[PDB]
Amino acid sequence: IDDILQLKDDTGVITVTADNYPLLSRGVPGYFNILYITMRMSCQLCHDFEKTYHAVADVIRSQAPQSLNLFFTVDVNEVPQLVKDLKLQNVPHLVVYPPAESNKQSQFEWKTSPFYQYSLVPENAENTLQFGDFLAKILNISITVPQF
């Protein structure tokens, strides 16, 4: 699965495409999947939380290097299957898939697997603290985001 890990762009975030979706949606054993479902005003919300998302991703990579998490970003306009699969009616969404239970790995997929969803609204679009706290609790890590 070193393949998937090496998909991390310069910011440590993995772009879901219509191609790698079937693969990525099956996740990585033991890895949390943090998935930002976006589209580039809901467009403004999408763009705003992008920065927050990356900020916290960076914080987590930096301060929780051991954490088994993968940050994904998906543009709903690039992978329509994800849209159908996740029954998406709008954007953005930030969902977090816990790793599948070892015994239920094969049945893991973003579309059927339970997930935490971060309440993403304009009021917290730029709140790295709240989002960091959200991931921190899920990832069971203690992080300090520069934000007061």
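Note that residue numbering follows the sequence shown and begins at 1.
Point to revise | Where residue 147 meets residue 148 in the shown sequence, the number of deposited residues left unmodelled | key: Just 1 to 3 residues are missing between them.
Check your understanding: When you step from residue 40 to residue 41 in this entry, do you jump over none, 1 to 3, 4 to 9, or 10 or more residues of the deposited sequence that have no coordinates?
Key -> Unmodelled stretch: 4 to 9 residues.
Practice item. Tell me which of 13 to 21 and 134 to 142 has the higher mean C-alpha B-factor in the deposited entry. Key: Averaged over C-alpha atoms, the B-factors run higher in 13 to 21.
**Study point:** Stretch with the greater mean C-alpha B-factor as recorded in the entry, comparing 51 to 59 against 29 to 37
**Key:** Averaged over C-alpha atoms, the B-factors run higher in 51 to 59.
Exercise for review: For the C-alpha B-factor as written in the entry, point me to the maximum among 117, 44, 102, 69.
Suggested key: Comparing C-alpha B-factors across 117, 44, 102, 69, the maximum falls on 44.
**Study point:** CA B-factor placement of residue 98, once the chain's modelled residues are sorted into thirds
**Key:** For residue 98, the deposited C-alpha B-factor lands in the lowest third.
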